[PDB]
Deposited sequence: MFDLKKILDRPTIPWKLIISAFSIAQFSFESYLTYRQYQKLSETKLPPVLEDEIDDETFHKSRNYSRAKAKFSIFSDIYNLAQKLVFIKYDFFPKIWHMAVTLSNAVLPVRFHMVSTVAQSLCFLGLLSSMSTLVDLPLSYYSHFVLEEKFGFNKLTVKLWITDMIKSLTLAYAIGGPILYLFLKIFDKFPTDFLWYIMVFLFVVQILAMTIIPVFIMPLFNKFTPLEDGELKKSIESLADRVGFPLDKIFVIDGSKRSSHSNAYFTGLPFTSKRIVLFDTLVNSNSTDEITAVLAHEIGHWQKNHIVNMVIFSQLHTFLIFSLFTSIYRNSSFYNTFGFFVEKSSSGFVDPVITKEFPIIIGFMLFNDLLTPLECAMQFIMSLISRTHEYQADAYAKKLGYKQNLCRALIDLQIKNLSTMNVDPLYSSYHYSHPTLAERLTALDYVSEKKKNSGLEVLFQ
């Protein structure tokens, strides 16, 4: 536990290492998608034509994935070896006029930084939407709406992100010796408010929430709810058609309290008729077995590990000194917590890989249990046809690499979800 260790080399080595590992995964997946032509348990229920089209969708996804990784590894390594952070700090504070200048310039640094991460990402985000998924008729948005969404995301990020971060940072000042349990509780309470505030206040700005047109489907879902429990405030059908013809469904409720069921516009349309309910049995499965409880708990362990280790490396950095020590246009005074946190974030990357395996696996077995639970309710045959139709219209990957799926896939392979039931 001490200051002088070669940080530059280690961080560059880690980023390259885990990029290479991720490149290996993506490589295997590309192999299988291009070579294999048959699913074992889906050889009858997958059109030979819509199978090839799905091979192509996944191909382009992988290609773009690798280019996106190289791009994000390239700008990082350049950011590192050329000490690009100090420079942004100076340029940020320089653009602060009105005095209303303060001790927490950290917010300024992050203000310009995140805005740069946006503009540098912009080209990729544009390609993915207006090329990768326009080529497969998935994207239904105009540039007008895309840009407006970007601006709304940044404006919100500052509006509520600034205040929360500020308090988060000043909590370190009040407790320089024992901050752990305080910032722990802080993140917990922000989490609770988060799941309650984003759906109620933030989402309405993105999509138009309308209540489910009273009739058949409303009654069906209402009946499944009353049967298995009392968790149901109301049902809304969001307009997710405006973005792309992708489908999904979820419920938003502050647990444990009333829960609202949101259904995607493309879902109620003619892809899922009332196999929709089998799906909702699956999604009620997550609630019944207290998975959300297991997830917040497994999340708190993670956070504790992270900020337990933080105590070790929030003292001295190779980068600017903060209280001429041997290099140029450096930054001075109080050590700034935000910076030590970021570099620490890129120090952990291997730990994250480990917990990427762990989290992906837990989610997978949660889906397993929810499906089995849908069988318990008799929605087995409809649930099967639901998942199959989703994979058909979303051109999801048919036969995947075990390792690649073990790392990335939070949901088990379709074939793997069926064999557990069918």
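- Against the full deposited sequence, the model leaves out several stretches, namely 1 to 8, 107 to 113, 339 to 346, 446 to 461.
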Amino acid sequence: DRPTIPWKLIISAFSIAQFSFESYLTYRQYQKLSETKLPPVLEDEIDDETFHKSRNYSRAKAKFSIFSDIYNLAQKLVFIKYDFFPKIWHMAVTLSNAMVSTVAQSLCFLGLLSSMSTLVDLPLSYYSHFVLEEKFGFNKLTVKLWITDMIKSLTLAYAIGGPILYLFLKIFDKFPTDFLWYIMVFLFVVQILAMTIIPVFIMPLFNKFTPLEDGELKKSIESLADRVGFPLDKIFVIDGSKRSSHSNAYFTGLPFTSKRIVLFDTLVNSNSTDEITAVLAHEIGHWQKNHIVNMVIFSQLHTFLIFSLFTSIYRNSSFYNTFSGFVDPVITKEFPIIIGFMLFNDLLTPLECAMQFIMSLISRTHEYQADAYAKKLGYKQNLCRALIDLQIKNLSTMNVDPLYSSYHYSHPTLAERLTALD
From here on, numbers count along this sequence of modelled residues.
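- When the C-alpha B-factors of 341 to 349 and 86 to 94 are averaged, 86 to 94 comes out higher.
- The stretch with the higher mean CA B factor, choosing between 146 to 154 and 314 to 322, is 314 to 322.
- Across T210, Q105, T196, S115, the entry's maximum B-factor at the CA atom is seen for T210.
- Between the residues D371, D69, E49, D389, the entry's highest C-alpha temperature factor is the one at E49.
- Ranked by C-alpha B-factor against the other modelled residues of its chain, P329 falls in the highest third.
- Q29: CA B factor in the highest third of modelled residues in this chain (values from the PDB entry).
- In the deposited entry, the Cα temperature factor of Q356 sits in the bottom third of values across the chain's modelled residues.
- Ranked within its chain, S396 lands in the highest third, by CA B factor from the PDB record.
- Sort the modelled residues of the chain by CA B factor and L42 lands in the highest third.
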